[PDB]
Amino acid sequence: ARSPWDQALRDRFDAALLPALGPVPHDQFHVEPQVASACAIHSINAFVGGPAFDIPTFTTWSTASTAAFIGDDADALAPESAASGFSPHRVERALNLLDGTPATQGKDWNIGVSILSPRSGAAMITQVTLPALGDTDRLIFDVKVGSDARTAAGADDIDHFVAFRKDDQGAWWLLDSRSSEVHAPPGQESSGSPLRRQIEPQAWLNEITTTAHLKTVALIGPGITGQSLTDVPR
Amino acid sequence: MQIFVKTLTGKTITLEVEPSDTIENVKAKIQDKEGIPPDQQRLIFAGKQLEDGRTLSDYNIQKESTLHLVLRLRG
């Protein structure tokens, strides 16, 4: 039925401890400090609510998935690893492989992706409008961000995954494996502690487009489809 | 004619195309079906990246050929 590498991913999830699987007080969310550039794994773990995947399990699954996807022409792809990051399409598939497992039983887990780019002849996105979320209580964003401070430092745009979760009171929380905002200057001093910030995802996105240069954004989550993101008011 | 476009989501997109369609037109058909903006689409055929200004015939892409689609995003 299932490929051996996909089954291995499902097996690891089934053995994971997920104390933040459901809505919990914000202090109980599972948020991992960043390791290398594994923010996709950290965001997946915050999304599901526990250390569901470790870096070795996820990287092994991703490599085998690359082999099945394109086989011996894999040398045509840019590297994807804990050291260089992962495509939003891989995060979608990993999460959809968990639909129907005993941990996700009774939960909306039809995961899809929506991707927004600048208008023609525009350098950045001027506005991101989220779809109506209904009762959705978990999301992952992949954002590509530049800024005046980054240009002044000669730094590349940051391409970064974060997670959002609703707590037991219904308030949204940004769960970020980095210790500073995506739009912060690259030389900013920090404590290393992951970001746990009470903010609506729409307000967080508006904060990026107001403070920095949003080049691209991917929204991943239950009930999300290709047309979910728009760039006009609602 | 039909061609297939695999993605790392594991879903394969089926497109109705003609040999004279440009890669730009093909990315427009992918956007209409899946919503992926064309500037985020990187299309590959047999290990070769496809240029927007060329056509399917220039790459000898025929009916039921399989293309590979990857995003430029890599968080």
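Cβ atoms here come from the backbone N, Cα and C positions, even for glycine.
What Swiss-Prot says about this protein:
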{"type": "CROSSLNK", "residues": "B:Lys6", "note": "ubiquitin cross-link"}
{"type": "CROSSLNK", "residues": "B:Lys11", "note": "ubiquitin cross-link"}
{"type": "CROSSLNK", "residues": "B:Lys27", "note": "ubiquitin cross-link"}
{"type": "CROSSLNK", "residues": "B:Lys29", "note": "ubiquitin cross-link"}
{"type": "CROSSLNK", "residues": "B:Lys33", "note": "ubiquitin cross-link"}
{"type": "CROSSLNK", "residues": "B:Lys48", "note": "ubiquitin cross-link"}
{"type": "SITE", "residues": "B:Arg54", "note": "site 'Interacts with activating enzyme'"}
{"type": "CROSSLNK", "residues": "B:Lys63", "note": "ubiquitin cross-link"}
{"type": "MOD_RES", "residues": "B:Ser65", "note": "phosphoserine"}
{"type": "MOD_RES", "residues": "B:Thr66", "note": "(Microbial infection) ADP-ribosylthreonine"}
{"type": "SITE", "residues": "B:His68", "note": "site 'Essential for function'"}
{"type": "SITE", "residues": "B:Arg72", "note": "site 'Interacts with activating enzyme'"}
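Structure with Swiss-Prot features highlighted.
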residue: B:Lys6; record: ubiquitin cross-link; Cβ contacts under 8 Å, 6 or more apart: B:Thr12, B:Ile13, B:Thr66, B:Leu67, B:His68, B:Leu69
residue: B:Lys27; record: ubiquitin cross-link; Cβ contacts under 8 Å, 6 or more apart: B:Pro38, B:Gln41, B:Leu43, B:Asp52
residue: B:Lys29; record: ubiquitin cross-link; Cβ contacts under 8 Å, 6 or more apart: B:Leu15, B:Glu16, B:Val17, B:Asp21
residue: B:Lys33; record: ubiquitin cross-link; Cβ contacts under 8 Å, 6 or more apart: B:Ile13, B:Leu15
residue: B:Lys48; record: ubiquitin cross-link; Cβ contacts under 8 Å, 6 or more apart: B:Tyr59
residue: B:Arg54; record: site 'Interacts with activating enzyme'; Cβ contacts under 8 Å, 6 or more apart: B:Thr22, B:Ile23
residue: B:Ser65; record: phosphoserine; Cβ contacts under 8 Å, 6 or more apart: B:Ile3, B:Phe4, B:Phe45
residue: B:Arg72; record: site 'Interacts with activating enzyme'; Cβ contacts under 8 Å, 6 or more apart: B:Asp39, B:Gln40, B:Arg42
Once near-sequence residues are set aside, which residues in the chain of B:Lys11 (ubiquitin cross-link), 6 or more away, have Cβ atoms under 8 Å from its Cβ?
none
All-chain count of other Cβ atoms within 10 Å of B:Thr66 ((Microbial infection) ADP-ribosylthreonine):
13
Quiz question: given the recorded positions B:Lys63, B:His68, which has the greatest number of C-beta atoms lying within 10 angstroms of its own C-beta?
B:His68
Which of these recorded positions, B:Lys6, B:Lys63, B:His68, are close to chain A by Cβ (under 8 Å)?
B:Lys6, B:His68
